[PDB]
């Protein structure tokens, strides 16, 4: 209709007028409008059928469909794609019709297919690995959660070894120990670590202000990236602040450090094997950095991780927790759905600012500053000192 076409034009123009945070606000508003305007039948159909997207994306990934379509220079028929990818022709046609209906691909007026933005996204290895993680790891845990809670009379989940994960995968191990026995899941996780989120904390972190008159002499450490994965934070730090002296150290387990060597700069960033359940070896660093680490642990274990760092700190040292800080009320779906998932798989939780401060106070830490860098979903670098 002319009205819906005009709605689309105006929302597209408003989205172009603003920045990425304004666009995120607009998208959340579109979701709220959808939910408020759907009929009861629509609500049930949406909940029933939006499930299809993850399974169908998993199939397209298995087939290599999104990568292939992303590199195509002209629209492709369903028969061409089926023959190229080794898929039944009718199966491929039905899959593509569904995918086009949810913009996973685009369907042309002559019933051929081209890449959409979502096609290109699912072709990126790290983002593809995120979707595959949702299918193979998250889905079974969420499928097990309702009956787990029912059988246990709805307990408050507090223990990584006693949550829905153990029911879903028929094991008594916690998720992290179980994963070490699953090579294909490990391989997918290694690809998942190559995804770099944007924006990052350096977009708003006032580094020179927080540094003050800290001296890197004689040979002190500026930045210790604890569980840093591929070291993206270290790389971006050296990129934005190339002249700031001090050691920059990536700490992780040996297999992921080995994976990180391929893309690490030739010099300037150390790779130090370190298990963050053991005392922090680097003494007196300016910043001990924990990005998306503590969210994966219940309070008692997250506390242990902080307690292992505290003895290494001097008066100028800071622990920087870079993580989600959802609000007391009005939290968005992308910071509450995470909470349900990490509850069900890891026994952990999202933490408000007050909850972060309580946890850190148990380690003897005090919040000095908080630097938000995403909106409306809150990710922030929280700077803690001793006392």
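Between two forms, the rigid core is the largest collection of C-alphas that superpose within 1.5 Å. Positions refer to the first chain, counted from 1.
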Checklist entry - Quick one: with the core lined up, is it 116 to 124 or 208 to 216 that wanders further in 5 other deposited structures of this protein, going by C-alpha RMS? => result 208 to 216
Checklist outcome for this item: Higher avg CA temperature factor (308 to 316 vs 176 to 184, as deposited) belongs to 176 to 184
Item to check | Segment of higher mean CA temperature factor, 261 to 269 or 299 to 307 | outcome: 261 to 269
Checklist entry - In this PDB entry, which of 336, 39, 70, 353 has the top CA B-factor? => result 70
Checklist outcome for this item: Top Cα B-factor in this entry, restricted to 208, 128, 83, 252, sits on 83
Checklist entry - Would the CA B-factor of residue 348 place it in the lowest, middle or highest third of its chain? => result lowest
Checklist entry - residue 323's Cα B-factor: lowest, middle or highest third of the chain? => result lowest
Checklist entry - Among the modelled residues of its chain, does the C-alpha B-factor of residue 63 lie in the lowest, middle or highest third? => result middle
Checklist entry - Thinking about Cα B factors across the chain, which third does residue 361 belong to? => result highest
Checklist entry - In terms of the chain's CA B-factor thirds, is residue 160 lowest, middle or highest? => result lowest
